[PDB]
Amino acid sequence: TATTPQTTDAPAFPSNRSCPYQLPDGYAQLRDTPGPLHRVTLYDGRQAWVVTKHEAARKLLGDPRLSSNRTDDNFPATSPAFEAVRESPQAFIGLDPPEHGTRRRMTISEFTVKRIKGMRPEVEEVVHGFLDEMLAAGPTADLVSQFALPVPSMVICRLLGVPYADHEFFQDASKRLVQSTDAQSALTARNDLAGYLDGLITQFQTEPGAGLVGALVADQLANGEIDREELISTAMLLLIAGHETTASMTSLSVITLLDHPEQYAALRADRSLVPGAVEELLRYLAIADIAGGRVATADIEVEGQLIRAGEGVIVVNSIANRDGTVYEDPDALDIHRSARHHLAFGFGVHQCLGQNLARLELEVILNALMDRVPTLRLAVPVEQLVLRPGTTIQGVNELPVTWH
């Protein structure tokens, strides 16, 4: 057995949060360490780089020498489950220019400022509908299953043209896919979603329908400009991203704001602060903090350190968002600060497609909770909650809440 000191210069990565709104101890360690880059050891024993500073993160996310090719052998997979991404055709998140651009542009029209603005009445209706259903069901509710998840689910389903009648199926499959612990479990959830989306495509070919999937079938698919499997992958990416991210932000935002009563009170008293508070919560909670995996296709020198071709690089936006040279006292929640320039949504060509939809949803959600249920509180201590591991989208699967 090992009879010598166990200190390493390439710590295990990722790490799990112990506090919903604070970096794992190991991540705080990396944040405090000088230099833009640090060595880590991934689950499979391979070494990769992490990017741990704000400006360096922007630079590297903008660098065309860092590929998003998830089918590349050297891609820094963070868990066994990740191996189900490199099994089907890639959605544009796993593509590089010029392929990335041709696919992304097929979807952008649904996420424009004009369209997002137009969605506000719809989002407000959905939020208040699930809210008054939960409240009528009586206190001691799970905010996740009863509010946090169904809200963005219904909204993204309308955008895509996915029938909400099938929600129990695809919500379950989404959770199984994103939170899968092994490759086999992930592949099964993917195959389940794929078969369903495949059926929807055939339905659309017979009888055209509304939504992005409807449009892609009638247009790009009919022209052979997108492969059928690519359409499935694209729809799956938007469906899952649309579900899981906003849900995670809602639940973690509630926990975080309840732990900062003075700021939450301030928020209630002046709703002009909500858009700014949403940005701060995005910066602070960074729920997709390892959604910045890359592979170097050429040598890259970064402030005296060399990233070699073939090496994996993960841009860790939670750590980058806690860069004290950009955000004064970075580990303090401050809804009054400028959280502008944060990396919660990434940067560059792969910068979050849904970011303005997420902003709208969270603004509507927070205003709704403050309007309708100002006495919302956790029904269990924060210590009794179970946080998801650092290998997946950050959040809680259950959030016991009560009110008066």
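Sequential numbering from 1, following the sequence displayed. Just so we're on the same page, rigid core means the largest C-alpha set that superposes within 1.5 Å between forms.
Student: Hey, after superposing on the core, which one moves around more in 6 other deposited structures of this protein, 136 to 144 or 158 to 166, CA-wise?
Tutor: Once the core is superposed, the stretch further away in 6 other deposited structures of this protein is 136 to 144.
Student: Which stretch is less alike in 6 other deposited structures of this protein, 318 to 326 or 84 to 92, counting RMS CA distance after the rigid core is superposed?
Tutor: Higher root mean square deviation of C-alphas in 6 other deposited structures of this protein is shown by 84 to 92.
Student: State which stretch shows the higher mean Cα B factor in the entry: 283 to 291 or 260 to 268.
Tutor: Here the higher of the two C-alpha B-factor means belongs to 260 to 268.
Student: I need to verify one thing: averaged over C-alpha atoms only, is the B-factor higher for 179 to 187 or for 312 to 320?
Tutor: So the stretch with the higher mean C-alpha B-factor is 179 to 187.
Student: Just to confirm, going by the entry's C-alpha B-factors, which of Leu376, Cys352, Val364, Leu60 comes out highest?
Tutor: The record points to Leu376.
Student: Among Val302, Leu252, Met106, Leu221, where is the Cα B factor highest in this entry?
Tutor: In the PDB entry, the greatest C-alpha B-factor among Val302, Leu252, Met106, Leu221 is found at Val302.
Student: With respect to C-alpha B-factor, does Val127 fall in the lowest, middle or highest third of the chain as deposited?
Tutor: Its C-alpha B-factor, which the entry lists for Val127, ranks in the middle third among residues of this chain.
Student: Ranking the modelled residues of this chain by C-alpha B-factor as given in the entry, is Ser68 in the lowest, middle or highest third?
Tutor: For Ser68, the deposited C-alpha B-factor lands in the middle third.
Student: Within this chain's modelled residues, let me know which third the CA B factor of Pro34 belongs to: lowest, middle or highest.
Tutor: For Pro34, the deposited C-alpha B-factor lands in the highest third.
Student: Quick check on the deposited entry: does the C-alpha B-factor of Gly138 sit in the lowest, middle or highest third of its chain?
Tutor: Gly138: CA B-factor falls in the highest third of its chain.
Student: Sorting the chain's CA B-factors, does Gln47 end up in the lowest, middle or highest third?
Tutor: Within its chain, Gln47 is a highest-third residue by C-alpha B-factor, going by the deposited values.
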